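Each remark here refers to the structure printed beneath this line.
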Ligand SMILES: Cc1cc2nc3c(=O)[nH]c(=O)nc-3n(C[C@H](O)[C@H](O)[C@H](O)COP(=O)(O)O)c2cc1C
Ligand SMILES: Cc1cc2nc3c(=O)[nH]c(=O)nc-3n(C[C@H](O)[C@H](O)[C@H](O)COP(=O)(O)O)c2cc1C
């Protein structure tokens, strides 16, 4: 079975092609993770997946999506991750972390608490920042503050500081969050970036924030650990061919700049779009990025059906398959998949206290 | 749905009728539990089950089944349980613990390490104790040492000390392990008890160890928390009618002595038997105990099929349904069951970080 072949990138070897993508839990306090996270991530690692990527973790307080997002903007935040990282490794999974800045989508409620921008006079909120003073709209109406050149320097450094802490906390895999309408995605897109300086206008200028952040992170992140990013390569906004072309060009530059793998997504930069949701609908897009940028990719959305994950791999649309929600429903999804695909001794996808009992 | 109605016993209210029965993990060192246990049990509680009973935990070093069994034979062992108990409560589940002494079945290997009595010159082994110097046979050939009256006093006190620690560590539910061929079961059965003193021979004498242990535990265990036990009511050894009669009589005495619920099992006292394994095969037996001793019961074996658990309840064969292995395969089995039985907003069987995403 292809889903259960190992995968080697730099010095890191995943035991199978199952990746658990970053999924926010909204359970942190002041950026600090706790026993929710520890048990959640520990449980997931024991489930069998080859790689577990920790949720979007803010490089700065204002870059949190919500008041419950994790953070890594201080050495104390980083140190909180240490036991969890060690528990993930103990379970045989590779610990990864996505580091992030939510840009104009920041200062919002938890999804079960309105999922919308925090009210003006709610003491939990904060001013958001972005390339340009334009609001997302819809449920996120707040107009962000336009970043100064010093803001841009500071955020870039926040990312470096974040990667450095991530490295020292023991993570073996890092993912830069340049997707889903957040800060990085918003610099690339013309919908959200109307800057007239070095960081807006042309393709080279809109790319600049993302490329510089990568290069600066590369300086602290170990050469021998996969350096990756997530990136919305299209919007389904009626400009897909041209957006894809530019996104693929940028992916080529990422690769040239040391990016080992690209997590391929949709931009979600603006609300007025028409996304053709469906099981593995991202496969064909992911496959085009892989071919044309000649770069390993993962993607997600509906791969919780084990045969679908298997086909994506055999067709070389993906190098790893990211399975999100199915892992929230069943932390042992990898075991479910092994059984479904007929893996020999499938119960030994799990640790011995479970495996012996289930064979 | 009956499986998802709450259940009140003394001052304790379970949020549904799903019980996770004690399942040994064999991951403790010198009786001390660790992060395996913490994450395992924490994960299970968040899964949705109303009650989570911690694995057979030894009241004395020699009463462990294996070198990896948990123990509660010192205040330090008990204190190790404290964080786990608090994590279980935080998740909305009721923390229970089964306290145990493996009798002649003690000093054995982990199931994936031979599952058999430890070799003579293996430094991990120890002498076993029992009512009479007779070996189980088969894979457990060691002849136990015949207990003195002082051994019996000491073990009884170990059980009291165990319940006391369990109480102080915060458990809200206790289960005495008088089943599966272990010490308690071995005092009741004529196959294993050939004593000619006050603790062997007649029904009153064979019952004595179990009844005294209960009464002594009752002295320290809070009146307002369910006091329960697990008990093999038959052997499938060709003596089932008479064994059942005596077992039911004992259950009546348990009830008269303060037992709030009885976990009904098979004795497993000897190997030469013919167990009619099948989905919910214990239902009819459990139901007879319930009727004739007029005592709430749970049982297990194959109730991981949600409709089977539901039927058992509607037919009043059981008051709680114990689901073991299915929870090792999927810690979120209760959520699986809610969906299968059509529970309204089934995803909210899980905590918000999962539930909101899965609705
Ligand atoms: C609760 C929830 C939280 C998520 N948090 C993040 C995140 O922090 N960063 C990110 O890139 N994607 C995040 N995602 C997107 C997922 O990584 C994944 O792409 C998505 O769930 C689709 O894959 P699936 O069908 O397997 O669920 C999140 C998704 C969900 C449902
Ligand atoms: C690994 C494993 C460990 C178990 N440990 C214990 C135990 O410590 N005490 C006990 O009474 N039963 C123990 N049991 C028996 C279970 O509680 C339960 O009765 C059994 O698994 C059958 O139910 P099920 O079909 O839902 O698995 C254990 C069972 C298994 C598979």
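Go through A:108-115, A:90-97 and give me the packing order, highest mean Cβ count within 10 Å leading. Mind showing how you got there, number by number?
Numbers: A:108-115: 16.9, A:90-97: 22.9.
The packing order, highest mean first, is A:90-97, A:108-115.
Express the Stokes-Einstein translational diffusion coefficient of the range A:9-148 in µm² s⁻¹, to the nearest whole number, given a Kirkwood radius over alpha-carbon pairs, 4 °C and a viscosity of 1.567 mPa s. Before the final figure, lay out each step's value.
Details: Rh = 16.0 Å.
The Stokes-Einstein estimate is 81 µm²/s.
Quick one: plug the Kirkwood hydrodynamic radius of the range A:116-256 (C-alpha pairs) into Stokes-Einstein at 10 °C, 1.306 mPa s, and report D in µm²/s. Please list the in-between numbers first.
Values: Rh = 16.2 Å.
Using the Kirkwood radius from Cα pairs, D works out to 98 µm²/s.
Provide the percentage of antiparallel DSSP beta bridges, counting only those with both residues in the protein assembly as shown; round to the nearest 5.
Approximately 15 percent, going by the DSSP bridge assignments.
So if we plug the beta-carbon distance of residue B:216 and residue A:90 into 1/(1 + (r/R0)^6) with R0 = 41 Å, what FRET efficiency do we get, rounded to 0.05?
Numbers: r = 40 Å, r/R0 = 0.98.
Taking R0 as 41 Å, the efficiency between residue B:216 and residue A:90 is 0.55.
For the protein assembly as shown, with equal point scatterers placed on the C-alpha atoms only and solvent neglected, what are the log10 I(q)/I(0) values from the Debye formula at q = 0.08 1/Å, to two decimals?
Debye intensities relative to I(0), on a log10 scale: -0.68.
Return the average number of partner chain Cβ atoms within 10 angstrom of each residue Cβ along peptide B:26-37.
Working: counts 3, 3, 0, 0, 0, 0, 0, 0, 0, 7, 7, 1.
Averaged over the peptide's residues, the number is 2.
What nm distance separates the two modelled labels at residue B:314 and residue A:146, each placed 7 Å from Cα along Cα→Cβ?
6.7
Tell me, what is a quarter of the convex hull surface for the C-alpha atoms of chain B, in nm² with one decimal? Each step should come with its number before you reach the end.
Details: hull surface 65.6 nm².
Mean projected area of the Cα convex hull: 16.4 nm².
Quick one: Cα centre-to-centre distance for the range B:77-96 and the range A:1-69, in angstrom?
Taking the Cα centre of the range A:1-69 as reference, the centre of the range B:77-96 is 25 Å away.
With springs connecting C-alpha atoms under 10 Å apart, model chain A as a Gaussian network and identify which of A:133, A:100, A:19 has the largest mean-square fluctuation.
A:133
Per residue of A:38-49, how many C-beta atoms from partner chains lie within 10 Å of its own C-beta, taken as a mean? Present the calculation step by step, with values, prior to reporting the outcome.
Values: counts 5, 12, 7, 1, 7, 9, 1, 1, 5, 3, 0, 0.
Averaged over the peptide's residues, the number is 4.
What's the angle, to the nearest 10 degrees (0 to 90), between helix A:35-46's Cα axis and the longest principal axis of chain A?
Once rounded, the angle reads 50 degrees.
How much mean residue ellipticity at 222 nm does chain B get from its helices, if each DSSP H run of length 4 or more adds -39500 (n - 2.57) and you divide by all residues, to the nearest 500 deg cm²/dmol? Don't skip to the end; give the middle numbers.
Details: 11 runs with 128 residues, N = 359.
-11000 deg cm²/dmol, from helical runs alone.
Given the peptides B:209-215, B:122-128, arrange them by the average over their residues of other C-beta atoms within 10 Å, most packed first. The partial results should precede the final answer.
On the way: B:209-215: 20.3, B:122-128: 13.6.
Packing order, densest peptide first, comes out as B:209-215, B:122-128.
Any chance you could run the full-extension gain for residue A:34 through residue A:277? It's 0.36 nm times the residue separation minus the Cα-Cα distance, nm to one decimal. All intermediate terms of the calculation are to be shown ahead of the outcome.
Values: separation 243, 0.36 × 243 = 87.48 nm, distance 3.39 nm.
Here the segment from residue A:34 to residue A:277 would lengthen by 84.1 nm.
Nearest-5 percent of antiparallel DSSP beta bridges in chain A?
Antiparallel bridges: around 15 percent, rounded to the nearest 5.
Taking residue B:32 in one copy and the same position in all the others, each labelled 7 Å out along Cα→Cβ, what are the pairwise distances from the first, in nm, shortest first?
For residue B:32, the other copies' label points sit at 2.6 nm, shortest first.
Counting other beta carbons within 10 Å of each Cβ, put A:26, A:182, A:236 in order, fewest first. Intermediate results must be reported in sequence, preceding the final value.
Working: A:26 21, A:182 26, A:236 15.
With the fewest neighbours first, A:26, A:182, A:236 line up as A:236, A:26, A:182.
What's the exposure ranking of A:11, A:237, going from fewest to most Cβ atoms within 10 Å?
Working: A:11 11, A:237 18.
Arranged by neighbour count, lowest to highest, A:11, A:237 become A:11, A:237.
Taking the Cα centroid of the range A:288-322 and of the range A:244-262, what is the distance between the two, rounded to the nearest whole Å?
Cα centroid to Cα centroid, the span is 17 Å.
Using the 7 Å Cα-to-Cβ label point, sort the distances from residue A:279 to its equivalents in the other copies shortest first and give them in nm to one decimal.
2.5
Would you look at the GNM of chain B, springs on alpha carbons closer than 10 Å, and say which of B:202, B:132, B:192 moves the most?
Top of the fluctuation ranking is B:202.
Taking the number of other C-beta atoms within 10 Å as the exposure measure, put B:294, A:142 in order starting with the fewest. Each step should come with its number before you reach the end.
Details: B:294 10, A:142 21.
Placing the least packed residue first, the sequence is B:294, A:142.
Give the nm distances, rounded to one decimal, from residue A:92 to the matching residue in every other copy, measuring between label points 7 Å along Cα toward the beta carbon; shortest first.
3.3
Give me D for the range B:183-313 in µm² s⁻¹, whole number, from Stokes-Einstein with Rh from the Kirkwood sum over alpha-carbon pairs, 10 °C and 1.306 mPa s. Intermediate values should be presented prior to the final figure.
On the way: Rh = 15.5 Å.
The estimated diffusion coefficient comes to 103 µm²/s.
In peptide A:319-331, what is the residue-averaged number of other protein chain Cβ atoms found within 10 Å of each Cβ? Walk me through the numbers before you get to the answer.
Numbers: counts 0, 0, 0, 0, 0, 1, 3, 1, 1, 10, 10, 8, 7.
Partner-chain Cβ atoms within 10 Å, mean over residues of A:319-331: 3.
Show me A:341-348, B:267-274 ranked by packing, highest mean number of other Cβ atoms within 10 Å first.
Details: A:341-348: 14.9, B:267-274: 16.6.
For the peptides A:341-348, B:267-274, the packing ranking is B:267-274, A:341-348.
Using only the alpha-carbon atoms of the range B:242-359 as identical scatterers, what base-10 log of I(q)/I(0) does the Debye formula give at q = 0.23 Å⁻¹?
-1.26
Modelling each spin label as a point 7 Å along the Cα-to-Cβ direction, I'd like the residue A:5/residue B:116 distance in nm, to one decimal.
Spacing of the two 7 Å Cα→Cβ label points: 4.0 nm.
Here, each number is a calculation from the coordinates, and none is a lab measurement. Note that each Cβ is placed from the backbone with ideal geometry, even for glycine, and that neighbours are counted across all protein chains shown.
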